[PDB]
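Heads up: the sequence lines are chains B and A, in that order.
Mapping to the authors' numbering: the first sequence position 316 is 316, numbers consecutive.
Mapping to the authors' numbering: the second sequence position 372 is 372, numbers consecutive.
For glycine and all other residues, C-beta sits at the position ideal for the given N, C-alpha and C.
Working notes for the structure below.
Number of protein chains: 2
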Amino acid sequence: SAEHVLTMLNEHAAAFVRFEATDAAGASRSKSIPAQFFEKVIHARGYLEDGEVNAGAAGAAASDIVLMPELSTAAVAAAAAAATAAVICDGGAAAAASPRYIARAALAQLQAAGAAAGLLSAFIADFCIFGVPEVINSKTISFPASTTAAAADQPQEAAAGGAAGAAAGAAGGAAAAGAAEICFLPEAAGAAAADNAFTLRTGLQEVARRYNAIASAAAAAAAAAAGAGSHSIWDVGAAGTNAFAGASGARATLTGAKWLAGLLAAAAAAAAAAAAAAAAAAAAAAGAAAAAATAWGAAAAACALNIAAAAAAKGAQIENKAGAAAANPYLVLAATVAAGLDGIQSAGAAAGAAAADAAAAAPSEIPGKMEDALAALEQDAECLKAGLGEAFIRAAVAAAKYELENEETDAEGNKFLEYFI
Amino acid sequence: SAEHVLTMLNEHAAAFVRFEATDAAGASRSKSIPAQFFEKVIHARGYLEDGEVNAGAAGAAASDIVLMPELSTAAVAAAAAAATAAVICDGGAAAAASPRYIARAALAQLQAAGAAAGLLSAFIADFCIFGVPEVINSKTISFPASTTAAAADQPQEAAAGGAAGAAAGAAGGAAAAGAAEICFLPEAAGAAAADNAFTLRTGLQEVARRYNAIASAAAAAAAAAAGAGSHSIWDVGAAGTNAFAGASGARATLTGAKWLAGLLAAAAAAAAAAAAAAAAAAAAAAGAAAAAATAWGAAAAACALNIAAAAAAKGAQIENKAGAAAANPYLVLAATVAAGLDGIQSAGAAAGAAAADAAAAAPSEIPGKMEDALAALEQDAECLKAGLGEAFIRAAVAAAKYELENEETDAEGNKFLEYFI
Numbered sequence: 001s002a003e004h005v006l007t008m009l010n011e012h013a014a015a016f017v018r019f020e021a022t023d024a025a026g027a028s029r030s031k032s033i034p035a036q037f038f039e040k041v042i043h044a045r046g047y048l049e050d051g052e053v054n055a056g057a058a059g060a061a062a063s064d065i066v067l068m069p070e071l072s073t074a075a076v077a078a079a080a081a082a083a084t085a086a087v088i089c090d091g092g093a094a095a096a097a098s099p100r101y102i103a104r105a106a107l108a109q110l111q112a113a114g115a116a117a118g119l120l121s122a123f124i125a126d127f128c129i130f131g132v133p134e135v136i137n138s139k140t141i142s143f144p145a146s147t148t149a150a151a152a153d154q155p156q157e158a159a160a161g162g163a164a165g166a167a168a169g170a171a172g173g174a175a176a177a178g179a180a181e182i183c184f185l186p187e188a189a190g191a192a193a194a195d196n197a198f199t200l201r202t203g204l205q206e207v208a209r210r211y212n213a214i215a216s217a218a219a220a221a222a223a224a225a226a227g228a229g230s231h232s233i234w235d236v237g238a239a240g241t242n243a244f245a246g247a248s249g250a251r252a253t254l255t256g257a258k259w260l261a262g263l264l265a266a267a268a269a270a271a272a273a274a275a276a277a278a279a280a281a282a283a284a285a286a287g288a289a290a291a292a293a294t295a296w297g298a299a300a301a302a303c304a305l306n307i308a309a310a311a312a313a314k315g316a317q318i319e320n321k322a323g324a325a326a327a328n329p330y331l332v333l334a335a336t337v338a339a340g341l342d343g344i345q346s347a348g349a350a351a352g353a354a355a356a357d358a359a360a361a362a363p364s365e366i367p368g369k370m371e372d373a374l375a376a377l378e379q380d381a382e383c384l385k386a387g388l389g390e391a392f393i394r395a396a397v398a399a400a401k402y403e404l405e406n407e408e409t410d411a412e413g414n415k416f417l418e419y420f421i
Numbered sequence: 001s002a003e004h005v006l007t008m009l010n011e012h013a014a015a016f017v018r019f020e021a022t023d024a025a026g027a028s029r030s031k032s033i034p035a036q037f038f039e040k041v042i043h044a045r046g047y048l049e050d051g052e053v054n055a056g057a058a059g060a061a062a063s064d065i066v067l068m069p070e071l072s073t074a075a076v077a078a079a080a081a082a083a084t085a086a087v088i089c090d091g092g093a094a095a096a097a098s099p100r101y102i103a104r105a106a107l108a109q110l111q112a113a114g115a116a117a118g119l120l121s122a123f124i125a126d127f128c129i130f131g132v133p134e135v136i137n138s139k140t141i142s143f144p145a146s147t148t149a150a151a152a153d154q155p156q157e158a159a160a161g162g163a164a165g166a167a168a169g170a171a172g173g174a175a176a177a178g179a180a181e182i183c184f185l186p187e188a189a190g191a192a193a194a195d196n197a198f199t200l201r202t203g204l205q206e207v208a209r210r211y212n213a214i215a216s217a218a219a220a221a222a223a224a225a226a227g228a229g230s231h232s233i234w235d236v237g238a239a240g241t242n243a244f245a246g247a248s249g250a251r252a253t254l255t256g257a258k259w260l261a262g263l264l265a266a267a268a269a270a271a272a273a274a275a276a277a278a279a280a281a282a283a284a285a286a287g288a289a290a291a292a293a294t295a296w297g298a299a300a301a302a303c304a305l306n307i308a309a310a311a312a313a314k315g316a317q318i319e320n321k322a323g324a325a326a327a328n329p330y331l332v333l334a335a336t337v338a339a340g341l342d343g344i345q346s347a348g349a350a351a352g353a354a355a356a357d358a359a360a361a362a363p364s365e366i367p368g369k370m371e372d373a374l375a376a377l378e379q380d381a382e383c384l385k386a387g388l389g390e391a392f393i394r395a396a397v398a399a400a401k402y403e404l405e406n407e408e409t410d411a412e413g414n415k416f417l418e419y420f421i
């Protein structure tokens with residue numbers, strides 16, 4: 001409803017409006033203008049901008065690209081110092097580097113294949129909080145550091161009125177409140193971590209800053225302790241009903257086992273979005289509560305693909321663990337679905353459920369070389385990177401590459417002369 | 001009453017609610033969500049969470065455990081910066097590491113044995129207060145330090161308007177107010193230090209912080225002075241009457257003497273909860289007012305198990321001293337009862353009352369070796385660690401042990417090669 005977005009500007013006396021998007025790495029970004037600019041044309045043509053400001057979105061002969069706001073997603077920007085609103089956007093011209101538009105192609109493919117009509121997932125991702133982080137690097141030193149009032153290191157230190165004597169312990173601080181709070185509760189938001197992830201990611205920081213603290217999503221923010229995992233639950237449906245419920249193990253079904261077979265096969269490549277930083281590889285390292293074990297079950301807690309068993313058949317779902325909060329939400333939402341969408345077409349199987357010791361059966365996969373990982377990427381190849389291009393990416397990246405190669409070929413020309421002398 | 005907890009959210013306009021619990025060491029912990037989530041389902045199913053956040057509550061194949069709030073225990077969280085409420089919980093799945101649920105088993109055993117119908121105890125525990133504590137350790141130094149406006153060290157020091165000249169002395173500061181205050185007085189709370197201990201432990205800190213100070217429960221917070229003891233009074237009843245009143249010494253009775261016999265025998269193991277830190281062992285060290293003398297009486301003030309003599313027979317009770325505020329309240333409440341519950345079944349006796357010099361008669365027990373302490377633990381053994389398991393503990397701890405043993409066996413494998421060269 002264009003009419004609803006226009007009446008919200010009067011209903012909340014909005015002086016300005018914020019356009020919002022997300023990059024390929026996984027961070028949200030925004031821009032803003034006075035509310036007076038909003039008219040019928042932008043509801044059909046968006047906002048034209050110069051894309052040369054971003055090294056992978058345009059080129060010098062094509063310095064015009066479009067942000068495209070939407071008319072079912074507007075909200076009051078209540079954390080601001082003034083009466084304002086916010087609106088998430090797709091990006092276009094084109095285009096095929098906008099993560100939200102890439103995620104929408106997986107939803108279109110789910111419907112076009114006739115396998116179902118929608119997807120019913122949700123997330124339970126963790127985060128970290130601090131008072132004085134300090135992280136720097138140079139030609140002579142490199143160190144991270146951080147602290148918080150709850151930290152197990154503080155009760156030995158002095159303070160302006162003495163220590164509280166009430167700090168947490170190592171893996172011993174499971175006493176925090178919820179739902180952490182105002183970016184889900186007043187909206188009663190409920191839906192999947194596509195659009196909803198970024199109001200949470202900005203909200204955690206903005207609320208902490210308004211309480212003289214900060215928040216982060218660093219997957220391994222401290223050693224010898226817990227970290228910011230991004231565990232989730234996953235489900236499929238059509239005509240108003242669940243499609244993973246049935247009479248196989250832990251109340252799952254055969255199409256659920258085929259989605260699991262796709263997820264198990266794709267785990268080595270889904271990690272490129274779900275574990276997009278070295279901190280997530282550190283969080284996935286060996287330990288008594290790790291989640292790198294690419295297996296399924298309903299009791300082996302370390303296995304990456306639990307079954308969410310329930311008394312009501314409508315609540316029979318799966319539970320994915322193969323990632324951390326350093327990830328890109330839209331690209332995780334795309335990649336985990338792309339695996340399931342072809343597991344149902346290969347008709348593969350998840351093998352037997354894990355109920356032994358914490359790791360093995362399946363794990364497997366597996367061959368132990370980069371050459372075999374590339375061979376898998378070129379044989380299946382169908383649970384992985386499914387559909388689209390990439391034409392927009394190579395067009396924008398070519399403009400940057402031509403400038404870089406012109407500087408590098410002149411530098412190589414000088415270097416060759418400096419080798420012939 | 002589920003209805004009463006729901007109407008409190010309207011009556012006090014609560015925006016959020018705080019779930020609360022306690023760990024095995026003895027510290028309270030909490031989490032929170034918006035009040036809008038409260039519905040009929042959580043009153044019968046609690047809140048599911050990932051237990052891998054705590055190294056002794058779940059495992060990777062069983063990453064689902066339940067917090068279980070209650071519907072007779074809700075209160076307004078009046079110390080908060082907003083309109084909110086708080087609710088203590090049990091924990092389950094399972095389970096048998098939740099201290100409050102472990103304490104409830106002793107109350108169930110008291111009733112199931114037919115010995116009585118309830119327990120009528122209370123506590124008088126001490127605490128400490130400071131302005132600038134400083135405590136740190138490294139590879140090169142180790143030191144504690146602290147101070148407060150009342151301390152005997154301050155009257156020789158300068159201040160921004162000169163010294164007050166009104167500090168206390170060593171063992172000479174018995175002039176503090178009571179009931180210390182707002183976590184007992186406005187509730188008229190009265191009942192035993194099971195549920196009531198943690199509102200006091202958080203309240204002392206929160207009130208001190210709101211007066212630019214801090215509070216603590218360190219049993220031996222400073223040398224050559226008093227410390228944070230956790231002395232208590234104990235009683236038993238059924239059909240509306242006291243069951244320790246009678247015609248033996250100091251108006252006690254024979255079942256009271258059998259409870260005392262159990263307590264005297266169990267003292268060497270009840271200390272594992274009542275003196276859970278090295279500061280409590282330091283508080284129990286030799287001196288003119290120590291409480292380590294495992295004996296009973298009504299005049300020998302150092303004896304660990306006084307009789308609370310009274311003019312009214314309803315007030316004839318006992319008084320236990322064998323602990324300090326570093327303890328875990330729920331596990332002390334369990335262990336001290338577990339001793340009494342089998343003293344009445346062995347039909348043992350407390351020997352004669354102490355009225356001589358400050359220590360001896362009984363003390364005794366006693367054999368002077370760890371082998372004999374272990375022999376006692378394997379012969380009685382019935383006043384000690386009575387009932388339950390522990391199945392939940394070993395299940396969660398096994399998941400942690402498998403990760404630890406996988407890292408340690410690889411390290412030992414490398415170490416063996418480094419010994420064979």
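With a cut-off of 7 Å, does the C-beta of residue i fall near any C-beta of chain A?
i      : result
B:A271 : no
B:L388 : no
B:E181 : yes
B:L185 : yes
B:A171 : yes
B:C128 : no
B:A281 : no
B:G287 : yes
B:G315 : no
B:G161 : yes
B:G178 : yes
How close, in whole Å, do the beta carbons of residue i and residue j come, if the pair is a contact with beta carbons under 8 Å?
i      : j      : result
B:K314 : B:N196 : Not quite, the Cβ-Cβ distance comes to about 21 Å (not below 8 Å), so this is no contact.
B:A168 : B:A152 : 6 Å
B:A339 : B:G26  : The Cβ separation is near 19 Å, so there is no contact.
Residues of chain D with CB closer than 9 Å to the CB of residue i, please, in chain order.
i      : result
B:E157 : Considering every chain present, this structure includes no chain D. Its protein chains are B and A.
Under 7 Å between the Cβ atoms of residue i and residue j?
i      : j      : result
B:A261 : B:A349 : yes
B:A171 : A:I33  : no
A:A97  : A:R18  : no
A:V132 : B:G162 : yes
B:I65  : B:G51  : yes
From the beta carbon of residue i, is the nearest beta carbon of chain B less than 7 Å away?
i                      : result
A:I33                  : yes
A:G59                  : yes
A:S63                  : yes
A:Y419                 : no
A:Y402                 : yes
A:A225                 : no
residue 433 of chain A : Outside the modelled stretch of chain A, which goes from 1 to 421, sits residue 433 of chain A, for which no answer is possible.
Which residues in the same chain as residue i place their Cβ atom closer than 8 Å to its Cβ, once the five residues preceding and following it in sequence are excluded?
i      : result
A:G229 : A125, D126, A219, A283, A291, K321, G323, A324 and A325
B:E20  : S28, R29, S30, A86, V87, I88, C89 and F198
Keeping to the same chain, check which residues put their C-beta closer than 6 Å to that of residue i; ignore five residues upstream and five downstream.
i      : result
A:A299 : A355
A:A310 : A316
B:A193 : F123 and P329
Tell me which residues share the same chain as residue i and place their Cβ nearer than 7 Å to its Cβ, disregarding the 5 neighbours each side in the sequence.
i                      : result
A:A13                  : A83
B:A362                 : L264, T294, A295 and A351
B:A55                  : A400
A:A150                 : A167, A168 and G173
residue 422 of chain B : Residue coverage of chain B in this structure runs from 1 to 421, which leaves residue 422 of chain B outside it and unanswerable.
Length at least 4, wholly inside the stretch 245 to 333 of chain B: the alpha helix (DSSP H) runs in chain order
Under the rule that a run must span 4 or more residues, the alpha helix (DSSP H) segments found entirely inside the stretch 245 to 333 of chain B read 254 to 274 and 278 to 283.
Let me know the alpha helix (DSSP H) ranges lying completely inside the stretch 173 to 229 of chain A, each 4 residues or longer, listed in chain order.
196 to 209
Ranges of the alpha helix (DSSP H) found wholly within the stretch 66 to 120 of chain A, counting only runs of at least 4
99 to 112
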